[PDB]
Amino acid sequence: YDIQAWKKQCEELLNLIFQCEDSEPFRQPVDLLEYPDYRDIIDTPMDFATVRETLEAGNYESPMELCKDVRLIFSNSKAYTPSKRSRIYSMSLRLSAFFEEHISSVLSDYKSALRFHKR
Ligand SMILES: NC(=O)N1CCN(c2ccc(F)cc2)CC1
């Protein structure tokens with residue numbers, strides 16, 4: 001019932017994500033010189049270094065907020081891909097499945113801890 005445990009669990013999950021070769025296109029803010037029309041399609045860019053930095057700054061109040069930003073990395077990739085078979089989009093699909101598999105217990109434990117706190 002540890003209400004704060006999610007933070008270190010998210011730090012460790014981000015470490016696993018950075019070790020994954022599939023995260024390489026998503027580790028840093030997108031390259032506007034390589035994709036000059038990116039901001040025409042994507043309103044809110046997001047990347048894993050920004051998520052990690054926001055976590056480390058103490059600027060997430062809950063793992064649900066972190067999860068919303070990570071899911072935005074994947075929906076941006078889906079919105080920008082010219083094809084559902086593209087290399088970078090295929091990497092985002094695998095990485096999304098890995099992330100969802102690991103974040104589920106983090107969210108469940110946090111929500112359970114908050115319910116216990118307010119019992
Ligand atoms: N690191 C970068 O400069 N990019 C910007 C474009 N983005 C993307 C997503 C799907 C796709 F199929 C093609 C490109 C991923 C991250």
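Every heavy atom of this structure was used, including side-chain atoms; hydrogens, water molecules and symmetry mates were not. For ligands, and for the atoms within them, numbers begin at 1 and follow the listed sequence. Nothing fancy with the numbering, it's 1 onward along the sequence.
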Quick test: of every protein heavy atom, which one is nearest to atom 15 (C) of ligand 1, and how far off is it to 0.1 Å? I88 CG2, 3.7 Å
How long is the straight-line distance from CD1 of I3 back to CG of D109, given to the nearest 0.5 Å? 12.5 Å
Distance filter under 4.0 Å to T81 heavy atoms, resulting ligand 1 atoms: 10 (C), 11 (C), 12 (F)
Output yes when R52 and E11 qualify as a salt bridge under the 4.0 Å nitrogen-oxygen rule, no when they do not. no
Shortest protein contact, atom 14 (C) of ligand 1 (heavy atom only): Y80 CD2, 3.6 Å
Between OG of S105 and CH2 of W6, what distance do you get to the nearest 0.5 Å? 14.5 Å
Residue and atom name of the nearest protein heavy atom (relative to atom 3 (O) of ligand 1), distance in Å to one decimal: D31 N, 3.0 Å
Is a side-chain donor or acceptor of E65 paired with a backbone partner of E61 at a separation under 3.5 angstrom? yes
Nearest non-hydrogen protein atom, atom 5 (C) of ligand 1: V30 CG1, 3.2 Å
Between the OH atom in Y60 and the SG atom in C10, the distance rounded to the nearest 0.5 Å is 9.0 Å
Of all the atoms in ligand 1, which lie at a distance below 4.0 Å from a heavy atom belonging to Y89? 12 (F)
Would a distance-only check, ignoring hydrogens and angles, find a side-chain to backbone donor-acceptor pair under 3.5 Å from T54 to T50? yes
Within 45° of the six-membered ring axis of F116 and under 6.0 Å from that ring's centre, is NZ or CZ of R119 located there? yes
So which protein heavy atom does atom 9 (C) of ligand 1 come closest to, and at what separation? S77 OG, 3.4 Å
Which residue supplies the protein heavy atom nearest to atom 1 (N) of ligand 1, what is that atom called, and how far is it? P25 O, 2.9 Å
Quick check on contacts: which atoms of ligand 1 are under 4.0 angstrom from a heavy atom of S86? 12 (F)
